[PDB]
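Given next, in structure tokens, is a single chain: the form deposited without this ligand.
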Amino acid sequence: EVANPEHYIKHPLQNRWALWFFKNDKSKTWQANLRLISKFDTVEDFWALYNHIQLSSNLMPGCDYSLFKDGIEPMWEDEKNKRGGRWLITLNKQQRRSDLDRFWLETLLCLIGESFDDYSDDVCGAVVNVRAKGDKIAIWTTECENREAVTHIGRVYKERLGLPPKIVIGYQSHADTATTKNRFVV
């Protein structure tokens, strides 16, 4: 007879995820300022990471945190992002204190907990931008043309964050990045 796995195995996550950190430095290419922190694929390992790193609200302006499925780099150029887009959450200066941190954690939980159910395969990850003019959080998806998946993900995400329902958020395609209107709204 063998031991009861319930008493000792870590609680597995559907996907293995990777957390990245971005430190702004004008003298270097965007990609050069983007570096991996570490990866994890269990509930225990997620908290071990989250608990020892600074809350988004404490980072220096210009820095980002990005949680993307293992194998998908948090950039437009990636095979899994080039044809996709993002649901953007735009926060005001007051929300840095009131909602940024709780919104980001809920975002992390939505990702690792596969809260988008049937459309989990369309989800790539999420990014939080700490900025002086106003912080930003966003869920990135793989194909801007998958209306069904994209709209359902947006609705679910918006409901999970729990902000006033009357507030509309938009979805923008990465390819449409101005050298930017929304494709969908919920």
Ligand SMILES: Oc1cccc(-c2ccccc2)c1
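The first residue of the sequence shown is number 1, and the count goes up from there.
Keep in mind that the form solved in complex with this ligand is not shown, yet the notes after this line are about it.
In summary, the region of this chain contacting this ligand in the bound PDB entry, judged by heavy atoms within 4.5 Å and restricted to 155-163, 142-150, 114-122, 54-62, corresponds to 54-62. Contact between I169 and this ligand in the bound PDB entry is not found at the 4.5 Å heavy atom cutoff. Interface residue remark: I89 is not counted as part of the site for this ligand in the bound PDB entry, having no heavy atom within 4.5 Å. Not displayed here, this ligand is kept clear of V43 by more than 4.5 Å at the level of heavy atoms in the bound PDB entry.
Taking the partner from elsewhere, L108 is found to have a heavy atom lying within 4.5 Å of this ligand in the bound PDB entry. Residues of 131-162 are not found to place any heavy atom within 4.5 Å of this ligand in the bound PDB entry.
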